[PDB]
Amino acid sequence: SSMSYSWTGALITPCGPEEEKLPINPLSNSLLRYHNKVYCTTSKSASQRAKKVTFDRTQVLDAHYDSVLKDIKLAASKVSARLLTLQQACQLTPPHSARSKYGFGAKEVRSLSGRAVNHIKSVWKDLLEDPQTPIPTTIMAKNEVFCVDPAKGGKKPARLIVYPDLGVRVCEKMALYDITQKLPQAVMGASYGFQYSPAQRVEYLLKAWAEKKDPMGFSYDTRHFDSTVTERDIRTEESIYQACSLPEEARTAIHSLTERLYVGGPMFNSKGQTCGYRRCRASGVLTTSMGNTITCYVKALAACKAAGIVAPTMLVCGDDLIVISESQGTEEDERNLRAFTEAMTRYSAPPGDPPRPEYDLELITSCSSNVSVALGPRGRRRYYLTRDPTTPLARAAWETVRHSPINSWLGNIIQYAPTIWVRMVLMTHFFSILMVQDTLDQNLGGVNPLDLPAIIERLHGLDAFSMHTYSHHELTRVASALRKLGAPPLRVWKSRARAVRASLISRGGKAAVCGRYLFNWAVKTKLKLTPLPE
RNA sequence: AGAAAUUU
RNA sequence: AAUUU
Ligand SMILES: Nc1ccn([C@@H]2O[C@H](COP(=O)(O)OP(=O)(O)O)[C@@H](O)[C@H]2O)c(=O)n1
Ligand SMILES: [Cl-]
Ligand SMILES: [Mn+2]
Ligand SMILES: [Mn+2]
Ligand SMILES: [Mn+2]
Numbered sequence: 034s035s036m037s038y039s040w041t042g043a044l045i046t047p048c049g050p051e052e053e054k055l056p057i058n059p060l061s062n063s064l065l066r067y068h069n070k071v072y073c074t075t076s077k078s079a080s081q082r083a084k085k086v087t088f089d090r091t092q093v094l095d096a097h098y099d100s101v102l103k104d105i106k107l108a109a110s111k112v113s114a115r116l117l118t119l120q121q122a123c124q125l126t127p128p129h130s131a132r133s134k135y136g137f138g139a140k141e142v143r144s145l146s147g148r149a150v151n152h153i154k155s156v157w158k159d160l161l162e163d164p165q166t167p168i169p170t171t172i173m174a175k176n177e178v179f180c181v182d183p184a185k186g187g188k189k190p191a192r193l194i195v196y197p198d199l200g201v202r203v204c205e206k207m208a209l210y211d212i213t214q215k216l217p218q219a220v221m222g223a224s225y226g227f228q229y230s231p232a233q234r235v236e237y238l239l240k241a242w243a244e245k246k247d248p249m250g251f252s253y254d255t256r257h258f259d260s261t262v263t264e265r266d267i268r269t270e271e272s273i274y275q276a277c278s279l280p281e282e283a284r285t286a287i288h289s290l291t292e293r294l295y296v297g298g299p300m301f302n303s304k305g306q307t308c309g310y311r312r313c314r315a316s317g318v319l320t321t322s323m324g325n326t327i328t329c330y331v332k333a334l335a336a337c338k339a340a341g342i343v344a345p346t347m348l349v350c351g352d353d354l355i356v357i358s359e360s361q362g363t364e365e366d367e368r369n370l371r372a373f374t375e376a377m378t379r380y381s382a383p384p385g386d387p388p389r390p391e392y393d394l395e396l397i398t399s400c401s402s403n404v405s406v407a408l409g410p411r412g413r414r415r416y417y418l419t420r421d422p423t424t425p426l427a428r429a430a431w432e433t434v435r436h437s438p439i440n441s442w443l444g445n446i447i448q449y450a451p452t453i454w455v456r457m458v459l460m461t462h463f464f465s466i467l468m469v470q471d472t473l474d475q476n477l478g479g480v481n482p483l484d485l486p487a488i489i490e491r492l493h494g495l496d497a498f499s500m501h502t503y504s505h506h507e508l509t510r511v512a513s514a515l516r517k518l519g520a521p522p523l524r525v526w527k528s529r530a531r532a533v534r535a536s537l538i539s540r541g542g543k544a545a546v547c548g549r550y551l552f553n554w555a556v557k558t559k560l561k562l563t564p565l566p567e
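Using my numbering, you'd call the opening residue of the first sequence number 34 and step up by one each time.
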């Protein structure tokens, strides 16, 4: 029936200028050599993304769907939820949120400027009065950085972002924010993945795995998920929101937002022209993340039920899920995953890469990450979270006039501190750079480099400083990513580490603690590391 | 230059 | 600020 998009043919314009690297990258030309491989998805590529997401959806549901949907509404009934004062909603607006077409931006919104508040009052009135005139949206290409992959296309075309004006964004929050805080958790219980920390994720997966007599695992992801969301899906999303205790005033706002915005509408490029019309998810609305997650969850649990998946333990984050089940033998397991996929396709969530049964936790990737294992100080197995380092390294080398990648190095150092690639490569590079600059005592994205050992202890355990004997998978993949980006191989990073280390120790203070803890892997004379007050 | 979550 | 979807 429904096409996901129609296009006028008007271009998808830039929302400002898109910078390119320079002939010298002084911060990353000692990190890696192959800068030609590091690119940023551009709005020029958006046309290509559009061709790939424009297609015809033919959803076909069934008792398993209907049944899972029922039970989900019985959960929604436990939720009571409130409107949010116009002012509270204003102040959940992020600092840089794109300005309104109507002469005010996020400074005003956030500080409750009167011009902004009246406009928002009027917009909210109009949602209550008019429950049908479609609401215009702006469409734009997301600028992300990646490493080229000649196997998988060369250069990814840019993601499409579609969003209403700022006034509308605030009103969304008024109507729905509280729901976004109660509904998913209530509907999905422990399957709601965003509720967990990475440590909890890892523990959860191991618990699910240990619980089975004979575990089987797999993951799933929908191709161009936002395109695959049907008008009917979005209304079923509404109907699930409504199944809560709500003020009547919310119900009207919800229903109006659904009908005028969420279910579809016209699209304008940044230069103002009509660009096309939309009959699927607009990734840009408040309900993007909750919608996606709940909707993926319905289809997936129905699909599980269709396929025969036994004793499923699920974990869902948007369109990404992991199911750990009781295996029924591999011959049956393959058959059931094929069925799972057929069912998901019928429901309109067709697979990017068709899934496969797995019987080892390391081989299950989801949200671009997987669990892995190394040995700890005493020799116990220590399970942790990791990923292909290709992208983070690529982003580590993204230097332009406007952008510095140092903050990425730090963010990755913290999130993935226990990984061999963070420990040997990123840390080494990061510290090495700040020492030469003489900016160790500086603050980056409100974090003090010299705090890192503490920060890493609070978040990952003291084990993150002594881990050893990384897996074959992990070693292979790291080696292979460095070669792919023209980086030194790990042995060189060993050298650079020793040098940085001694150079850090000789400075004393917290710097020396950094040198001693973050780099104890780099020495044969390995010191006994004690917990840290801070 | 969209939203949310986690981390800080 | 970082990452993810
Ligand atoms: N930057 C992003 C990335 C994903 N998403 C949402 O999450 C969905 C699934 O993410 P994905 O990483 O599998 O990308 P798709 O190719 O499935 O669109 C997208 O279609 C978007 O609706 C988003 O809203 N903003
Ligand atoms: Cl141990
Ligand atoms: Mn997807
Ligand atoms: Mn309604
Ligand atoms: Mn995904």
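For each residue, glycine too, the CB sits at the ideal point set by N, CA and C.
Residue i burial status per 10 Å Cβ neighbour count (16 or more: buried)
| i | result |
| --- | --- |
| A96 | exposed |
| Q92 | buried |
| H68 | buried |
| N445 | buried |
| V434 | exposed |
| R415 | buried |
Test item: CB-CB of residue i and residue j under 8 Å
| i | j | result |
| --- | --- | --- |
| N553 | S499 | yes |
| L60 | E432 | yes |
| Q306 | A83 | no |
| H501 | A407 | yes |
| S76 | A219 | no |
| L116 | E282 | yes |
| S230 | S399 | no |
| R256 | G351 | no |
| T269 | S381 | no |
| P438 | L495 | no |
| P167 | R293 | yes |
| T46 | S303 | yes |
| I342 | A241 | no |
Pairwise C-alpha distance: residue j and residue i
| i | j | result |
| --- | --- | --- |
| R420 | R90 | 33 Å |
| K246 | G548 | 45 Å |
| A530 | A545 | 13 Å |
| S133 | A276 | 32 Å |
| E567 | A450 | 17 Å |
| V142 | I57 | 40 Å |
| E367 | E359 | 13 Å |
| residue 30 | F227 | The displayed coordinates of the chain run from 34 to 567. Any statement about residue 30 would go beyond what the structure contains. |
| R516 | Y310 | 44 Å |
| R389 | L396 | 10 Å |
| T374 | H506 | 27 Å |
| residue 5 | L426 | The chain is shown from 34 up to 567; residue 5 falls before or after that span and cannot be answered. |
| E365 | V455 | 40 Å |
| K338 | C329 | 14 Å |
| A535 | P345 | 51 Å |
| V458 | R234 | 25 Å |
| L477 | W442 | 10 Å |
| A376 | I538 | 59 Å |
| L55 | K70 | 13 Å |
| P383 | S39 | 21 Å |
| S272 | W157 | 21 Å |
| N440 | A512 | 24 Å |
| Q470 | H129 | 30 Å |
| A532 | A497 | 21 Å |
| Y72 | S78 | 12 Å |
Limits of the unbroken beta strand (DSSP E) element including residue i
| i | result |
| --- | --- |
| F301 | 298-301 |
| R415 | 414-419 |
| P486 | Looking at the DSSP string, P486 is not in any beta strand (DSSP E); the run it does join, the alpha helix (DSSP H), is 485-493. |
| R314 | Here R314 belongs to no beta strand (DSSP E), and DSSP marks it neither H nor E. |
| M173 | 170-174 |
| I273 | Premise fails: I273 lies in the alpha helix (DSSP H), 264-275, not in any beta strand (DSSP E). |
For residue i, the first and last residue of its enclosing alpha helix (DSSP H)
| i | result |
| --- | --- |
| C204 | 199-221 |
| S252 | Here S252 belongs to no alpha helix (DSSP H); instead the beta strand (DSSP E) covers 248-254. |
| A243 | 231-244 |
| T41 | Where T41 is concerned, there is no enclosing alpha helix (DSSP H), given that its DSSP letter is neither H nor E. |
Could you check whether the stretch 181-193 touches the stretch 139-157, counting it as contact only if at least three pairs of C-beta atoms, one from each stretch, sit closer than 8 Å? no
Between the stretch 306-318 and the stretch 194-207, do three or more beta carbon pairs fall short of 8 Å? By the Cβ test, the stretch 306-318 is in contact with the stretch 194-207, since at least three Cβ pairs between them sit closer than 8 Å.
Looking at C-beta atoms only, is the number of pairs between the stretch 326-345 and the stretch 200-212 that lie closer than 8 Å three or more? Cβ pair count under 8 Å is below three, so no.
Using 8 Å as the cut-off, can you tell me whether the stretch 484-496 makes contact with the stretch 437-452, which would need three or more C-beta pairs spanning the two stretches below that distance? yes
Whether or not the stretch 287-303 and the stretch 349-363 are in contact is what I'm after, with contact meaning three or more pairs of Cβ atoms, one per stretch, closer than 8 Å; do they touch? no
Tell me, please, whether the stretch 103-115 touches the stretch 270-287 by the rule of three or more beta-carbon pairs shorter than 8 Å. Yes, they touch.
Using 8 Å as the threshold, is the stretch 218-232 in touch with the stretch 171-179, meaning 3 or more CB pairs across them? no
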